[PDB]
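Chains as they are written, first to last, in PDB author numbering: chain A, 1 to 460; chain B, 1 to 460; chain C, 1 to 460; chain A', 1 to 460. A prime marks a further copy of an entry chain. Just below is one structure, and these are the notes that go with it.
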Ligand SMILES: NC(=O)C1=CN([C@@H]2O[C@H](COP(=O)(O)OP(=O)(O)OC[C@H]3O[C@@H](n4cnc5c(N)ncnc54)[C@H](OP(=O)(O)O)[C@@H]3O)[C@@H](O)[C@H]2O)C=CC1
Ligand SMILES: NC(=O)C1=CN([C@@H]2O[C@H](COP(=O)(O)OP(=O)(O)OC[C@H]3O[C@@H](n4cnc5c(N)ncnc54)[C@H](OP(=O)(O)O)[C@@H]3O)[C@@H](O)[C@H]2O)C=CC1
Ligand SMILES: NC(=O)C1=CN([C@@H]2O[C@H](COP(=O)(O)OP(=O)(O)OC[C@H]3O[C@@H](n4cnc5c(N)ncnc54)[C@H](OP(=O)(O)O)[C@@H]3O)[C@@H](O)[C@H]2O)C=CC1
Ligand SMILES: NC(=O)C1=CN([C@@H]2O[C@H](COP(=O)(O)OP(=O)(O)OC[C@H]3O[C@@H](n4cnc5c(N)ncnc54)[C@H](OP(=O)(O)O)[C@@H]3O)[C@@H](O)[C@H]2O)C=CC1
């Protein structure tokens, strides 16, 4: 197969999943699943399209659009849109592939997909963003629909962009339906959706802490290093604070902002809100670091990730982008006494990082190990609450915040228990060693999809 | 109308419904309903189509495919698919006609339909069945849909076939929706769907027994003769046993399997499970009749139905196919002291059998009479639960087994009460005589559909 | 296959085609075509539907509607609509089946289909026919379209009905297209469409006469017996008269009208026009007995076909309906010196008639033989000009009468020559024996369809 | 733009077009066309999809499917399908990009596209090919249509595959329409389509010879080296022979077959027919090289291209695949006295080859130069005749071979004259130097598309 193009991010995701399935008893019990893996790994459909749009000076602009419709055995294709200058098919395939198995771990009927553009929102006006969304949806509309493919947000796609997208879908197709999630509260949105992914990360990590420490520890007083400062990071930070933890770092594409005293200080909600408002306006954390409220409390480090700069730390929640925790960073976290690392970001850890965490787990009993949770398990609360937004729209009713949050919590607890129990079944650890959440999550998502695919005749 | 082809099974079903309407005060109260009867009896739409498919030897095969869309006043067309070598338009018209009124009795919004093929699953491989299903759905897909027509199983169509069919529908139409029921648990199925029809038949007969005996008797200690050994028979048997009844017979297309001591012994769940596994593989009861587990406890009667061979018996549940209880067999059941017979199978009793049971009812007060219930009342539980599977898919959520079963019990109790009350209203029996469940059920289902049709301008 | 219903007309058409294929070298050269016969003989799709409509008194009326979409390898399904109280699926399957092979002999890209209703235009008002057509098209429109299936007239369906059907299609689908043929001249009709079938029958028999006599004789001076008095019979008669022949009979469903002097007299164009006027008004030939101008010239025979009552005749053109020339009638025609018989009607001759004509051909050298042409060859002018109507509509232009007629002539000549040549190739007659136009036409049409079906993967 | 994946074939085609437009006066006159080039070079739409299909052993197989819908300003997307193990997006984008401008040079209303799969027909049975085509079209069907995108053949896709594709389209979509070209003569094909591309190459080269030699020379007695042995090569060879030229070589993926006497010997039609029959069966030229008819007349060279092995030669028609004439091969042709080289294959010459030819042209007056014609000009007769097949289908009529061939000839003459005249206008050669057909063809195709795009608002 040397006709196939090299897609480094996709291949990284694929190899990690595959290696976890091989390092288990799964293919001894179900060798025929090798065929399922070969089938599932080739997307059902991919659409690519030119997007021509007009800038504020009246000039023609060209960007590339994509939608990867990876798998639909469990439900309509489901997953977000990324507007970032790095975007290409390789990246969106990694993300769509991840999405299959993440979705499967939610318990809801959602297939896996992802899409987006190499359009860069930075430096654009709101009007440019509106015209781009209009043009993007003009092509995308024909391929999506409430029972076919339901997009959502991701890097560079917020409630603002989902609004322009939805309005154009409605104009084009003359239907009002749950074709997108992350919608506005008055026009078919769900309460808890803004909060969902970062809350779910934190909720999942609570279960990790409870298990590893036998209920002795919690987030109360733990020091938590976060990276990113967007949707996932903001609400992960807010939930940590609500639970009495201390957030010692946030970051963005230009640098890290770290409290000067990491033993005892924390970001506050008010500071997070300030950062969030800069981000709505597509500005950098750097703009506020010399203000009164920040110059004395924080150190800004241009060009750096937080991980080697936070001192001793208890929990790490990378929440920005793929491959943002290197192997050297991982070793630094381990040396700083970090015991829990969960991916808010998709594929947040490099392979070297993952290998470092899992070797540590296998070498150190119980609470002495750093315990790593992959994004498909820990960050699934966003997509889960998107499924609940679809369910609301289908019912033509709106649920309460408490009702949505309660379902989110149950979904994240079940997701943790399924990864744990599946790791014990298929990859039973040595005595006193914590089960691999990555292996167990991978096997549990994969087998549910493989078996539904078999039932549906996709492979035999 | 000597241009019309002779369709014996449909004419049989039509005539029995019509005769029960005539033998009542319905047409005195509402003579205009004769117009409704003439309209409803001609199907709204029927699709017939060639199905070409490839056998494991690479050879072209040809079979006939059908979908009868009989009536859609109360909801989208709803009803299963039968793959059996007897299948033709007459058989499928009888079935779809019955389904209109059965569906009306469930209280849910389901029109009547039925379909299938003369494709014979016996002697085929799983791969053959998969290719057939693929080819069958390539044509069927354009006629069906979650709000148009929702098929399901019947003789020869199990969850395996539903899977191949659903998978092809999704591939063709690029939508994940409630287009079929009987689906797998991870991909839109409902708990209780496997159990539903047999459970419901037994639930229904519990009401019969309570009424006729003023609560003095139940299934506990009763001897129950069942025919068939497929989905309906298996779970009717299992519920009879759960209730403390004794199952003295099952049967298949080649013979009956009867306990030697029909006064005291019963099939067990383990024995039912063994037969069920054989049926999954499309093998016959004959294969196990020499096993240890079977040879000493049962007698195999090839070519014979159970009814004359079970001795004294209390309940009969024909659960295989149409016209499987003859007038002679009805007289034998009556002489053997049988006091309850309900159809698991569609049109299970011949007209002579029904005439014998109803004459016996009219001649014998109360608990001295054998009481006959028609399939449209007793066997409605399957389609009812299929409507709940549709409800669940529209909600994008899955209900618990207890939730589904509780709804099933309520539906079967209301069905029984509607038939009893309608018979008392339109066909009031002489003092001490049980009301006619067949006449009451027929009137109740027919009037609901007729009035809805009038409201919708289908007749005036 | 004792599940299959008995369909006498369809079985008759099928058997005659199959028998001519078997009585040839076709299956020695291409034995795999027996697979193509088995596949082609099962219709791709059949739609049946209830048609509820209102009569002039305001009362609900119910009739049965049908559309048999038999084969589409060579083009969109194509074929007319019959409104006659005999209509059922058998009859429409015989028609649609015949149409596959007929359309193949035209050279145009037309698949085979046929439809209609048991609705009886006799005794209905024009308003009642309008309301019927409106209701019938309400369901039929979703199954048809300019590139899908294009209906047309047949018994009981004239340009009046085509108009009501076209208007309802336009209203429902919001499209103006070649969905029907036989349309009016100002709204997409073709010149020569009314004349087409009857003219084409006569043009075809002119080639038979030319071949049988090396050009020495023609219709000039021939005595021609016609049956029926509708679209086919009228224009056949008119073209005979134009060519110098004498039309000695016409007939309807209640009797025959025969010139008193069949050796010397003929219908005139004015007479045929008066009969046509009666038939527009759904009245009978029988009325003309009261008029001395007709009574003086003709004999009216209630309940009789013409064949045994015309004395010596040269050509017979059955042009009414199926099975209107029996074996005894065929023997009478032979004895009366008839040398040419061609079907204007579909399956106009019974199998005993065909067998008599074909035996006579095989026994009698040269011009002493009676020569039989099947409807699929001789009546193909109507559907040929319908294909030209479709071509005009796709071009958005209207051709002259001369252009259309010139094409019709070339199509009928090519049709004759194909049947002649294919018979010489696959069923080569003894020296001096005319080749079988029925065998030749059947093989020619069948091989064209079977080969296209093979190319398209319908069989292998 | 380092997010964009490296697509070497696409970039090669793009750079060559772009370099020819830059090496001219085009952007001095129309600098705004730079924006058109940036727009046009990003495809309007691309679909990729998994194709799962079953082999003759009953095993699941997976391949990748594609359709590149590059540009639709001038017409519906138009271009063939390639089934070859090298296929990927890069290759199909090169081909689809080429197709835009090729189509524009035909004068017909056809946009540009291309598609296919990495499915390898070699080693597969006809049944495997049928099942693959069925599965491929199951997804492709939703994206194509007679007014949207009309595919056709290319490497690995012959009339056989177009048949299976068409049959499945018809089955899925229930329409008979000009959705594909290269169809069978009885089911909407065009005469001259098999012949079209190789005839057109030769026709175009006739014009090259006429111009360069001032009418003094022709193909009569010229020695012509051809590569490939498929559809393009076969009919190029046959037209050369018909015109009295001598074909000294053919080839396939395993080697070259060259006449032993290249001064005076030639392939014959009978030999070409033998080779063609091997190719229908997916076999290699190697199989026949030891037969009587071949061992003495020809030398078979495994692993070699013909160009350095034919001795002195007049005309080269690479007709196999992209990048099959290297720069060293080009120098060898020049040294062997070759004066005309036209691409039957798309992008047949490497850039080094093209640069060698064009430097030779610029250094050698008139008939002393080797004159190179790009595939978009010389091989356009195939797609042109596909446009005429679309026009036939839209008219619902079939043209004669003479009519189609006459249009083909006029199209190829106009295409040559447009490339010549445009090269004289925008890239005027020095005195006595032949105009660049590559530059002129590129500019003439590009400006027609750019201007239609501007008119339609695609850029401004
Ligand atoms: N939103 C959702 O529901 C879900 C998101 N995810 C994943 O969470 C992550 C963050 O998404 P989300 O918060 O929604 O996105 P946002 O756009 O709201 O925030 C992304 C953040 O990451 C930073 N960032 C993005 N790209 C890079 C890069 N290449 N290098 C360094 N920093 C970068 C941004 O910096 P800057 O502010 O400087 O632009 C920003 O702080 C992604 O991996 C996404 O796929 C996972 C589950 C659900
Ligand atoms: N499944 C459902 O939801 C519902 C089914 N029904 C009706 O219940 C009946 C049984 O259906 P189901 O259990 O689903 O089907 P299955 O195919 O699972 O079982 C059918 C049983 O009947 C036997 N059988 C079938 N045809 C004949 C025949 N012609 N002569 C003798 N025995 C025969 C079979 O024999 P063998 O095992 O030898 O093949 C098998 O034991 C039918 O009348 C059906 O329409 C009613 C309501 C709901
Ligand atoms: N129209 C077309 O383009 C073509 C028609 N055909 C065939 O030609 C035949 C005549 O069609 P067409 O002229 O269009 O139809 P019309 O309705 O115009 O004429 C039918 C004629 O046949 C008579 N007739 C109909 N049914 C019967 C019956 N069951 N017994 C006796 N006589 C009967 C009618 O009698 P009455 O007047 O008493 O009702 C009328 O004279 C049919 O077989 C048709 O399928 C063949 C090719 C093309
Ligand atoms: N068909 C059409 O209408 C048109 C085709 N083209 C172009 O013409 C060329 C030939 O197409 P066509 O004749 O239709 O295809 P065919 O599949 O009929 O023939 C292709 C030929 O090229 C050989 N070949 C293919 N791939 C390679 C390779 N990678 N290395 C060496 N030899 C190879 C094949 O060898 P083998 O026999 O060993 O398999 C075969 O002889 C292509 O470039 C195509 O895009 C251009 C215009 C129109």
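Beta carbons are placed, not taken as given, at the ideal position from N, Cα and C, and that holds for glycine.
Only residues of its own chain outside the window of five on either side were considered, and among them 208, 371, 372, 373, 374, 377, 416, 419, 420 and 423 have a CB closer than 8 Å to the CB of residue 437 of chain A, listed in chain order.
When rounded, the separation of the alpha-carbon atoms in residue 194 of chain A and residue 273 of chain A is 13 Å. Listed along chain B, no residue sits closer than 9 Å to residue 99 of chain A by beta-carbon distance, the nearest being about 15 Å off.
Shown here, residue 405 of chain B sits in a helix according to DSSP, grouped into three states. Of all residues in the region 121-138 of chain A', only 126, 127, 130, 133 and 134 come within less than 8 Å of chain C when Cβ atoms are compared, listed by chain position. When C:231, C:268 and C:46 are compared, the shortest CA-CA separation from residue 248 of chain C is found for C:268.
Contact annotation: the region 6-19 of chain B does not touch the region 126-141 of chain A, with fewer than three C-beta pairs closer than 8 Å. Those residues of the region 73-94 of chain C placed with their C-beta closer than 9 Å to a C-beta in chain A' are 73, 74, 75, 76 and 77, ordered along the chain.
Here residue 351 of chain B has 12 and 16 as same chain residues with Cβ atoms under 7 Å from its own Cβ, once five neighbours each way along the sequence are excluded. Ligand 2 has a heavy atom closer than 8 Å to the beta-carbon of residue 158 of chain B. For residue 175 of chain B, the chain A residues whose C-beta falls within less than 8 Å of its own C-beta are 76, 145, 147 and 148, listed in chain order. For residue 61 of chain A', there is no enclosing alpha helix (DSSP H); the residue is found in the beta strand (DSSP E) stretching over 60-71. Under DSSP, residue 300 of chain A' takes part in a beta bridge, and its partners are A':257. Per DSSP, reduced to three states, the secondary structure at residue 198 of chain A is helical. Separation of the CB atoms of residue 192 of chain C and residue 401 of chain C is rounded to 6 Å, and the pair is thereby assigned contact status at 8 Å.
Contact between residue 74 of chain A' and residue 111 of chain A' is confirmed by a C-beta separation of about 5 Å, below the 8 Å threshold. For residue 252 of chain A, the number of other beta carbons within 10 angstroms of its own is at least 16, and it is reported as buried. The continuous beta strand (DSSP E) containing residue 252 of chain A extends over residues 246-252.
Put simply, the CB of residue 35 of chain C is far from chain A', with every gap to its CB atoms at 9 Å or more. Annotation for residue 91 of chain C: 9 place their beta carbon closer than 6 Å to its own, counting only its chain and skipping 5 residues before and after. With fewer than 16 other Cβ atoms inside 10 Å of its own Cβ, residue 396 of chain C counts as exposed.
Put simply, the CB of residue 421 of chain A is far from chain B, with every gap to its CB atoms at 9 Å or more.
For residue 409 of chain C, the closest C-alpha among the options C:305, C:388, C:392 and C:156 is that of C:388.
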